[PDB]
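*Asks:* Below is the sequence, then the experimental coordinates.
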Amino acid sequence: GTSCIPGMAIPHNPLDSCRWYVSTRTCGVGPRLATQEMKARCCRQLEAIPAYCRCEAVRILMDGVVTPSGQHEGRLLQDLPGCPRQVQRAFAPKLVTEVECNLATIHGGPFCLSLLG
């Protein structure tokens, strides 16, 4: 509804596909899939989500959240060999920028103001 909460407004474990893409584009660390195929999927998920939830969905990817059912989901941006989470955290909020997914948000444009990174 008017609430960006994991359930409907925001899927369960949002932008899961953005976890492996944020590590490759951020630190150069590649898992198994090619950056473009990774970036296509990732951005596909951020699009599905409505304008006003996008920035929140990204924050959840980085830092996390507790579902109203007491269960927690998020904070996928965890350290990796050669890819500290602070590098990932720094890039993540850019997933909505023009150079990147170029998607409007709560603020009204392809940029997140209230996101840590």
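*Replies:* Received, thanks. Numbering: from 1, shown residues only.
*Asks:* And the strands in this structure?
*Replies:* Remark: strands assigned in the chain by DSSP state E are 65-66, 72-73.
*Asks:* other SSEs contacting the last one?
*Replies:* Using 3 or more Cβ pairs under 8 Å, 6 or more residues apart in numbering; DSSP states H and E as the contact criterion, the secondary-structure elements in contact with strand 72-73 are strand 65-66. Heads up, the C-betas are built off the backbone N, CA and C, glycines and all.
*Asks:* what's in contact with the strand it packs on?
*Replies:* 6, 72-74 (Cβ atoms under 8 Å, 6 or more residues apart in numbering).
*Asks:* what sits against residue 60?
*Replies:* Applying Cβ under 8 Å, 6+ apart, the residues near residue 60 are 6, 10, 14-15, 73-74.
*Asks:* One more pass at 7 Å, please.
*Replies:* 14, 74 (Cβ atoms under 7 Å, 6 or more residues apart in numbering).
*Asks:* if we can go back for a sec, for the contacts of strand 65-66, give me a markdown table that also has distance to residue 21 and neighbour count.
*Replies:* Shown next, in a markdown table, are the contacts of strand 65-66 (distance: Cβ to Cβ, whole Å; neighbours: other Cβ atoms under 10 Å):
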| residue | distance to residue 21 | neighbour count |
| --- | --- | --- |
| 6 | 20 | 22 |
| 72 | 22 | 11 |
| 73 | 18 | 17 |
| 74 | 16 | 22 |
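*Asks:* returning to what we had before: between the strands of the chain, which gets nearest to residue 23?
*Replies:* Among the strands of the chain, strand 72-73 comes nearest to residue 23, with 18.6 Å by Cβ to Cβ.
*Asks:* Tell me the strands beside that closest one, with direction?
*Replies:* strand 65-66 (antiparallel) (DSSP bridges).
*Asks:* so where do the helices sit in this protein?
*Replies:* Using DSSP state H, the helices of the chain run over 17-27, 35-48, 51-62, 85-91.
*Asks:* What is the burial count for residue 12?
*Replies:* When neighbours are counted by other Cβ atoms under 10 Å, residue 12 registers 12.
*Asks:* what do you get for residue 10?
*Replies:* Neighbour number of residue 10 under other Cβ under 10 Å is 24.
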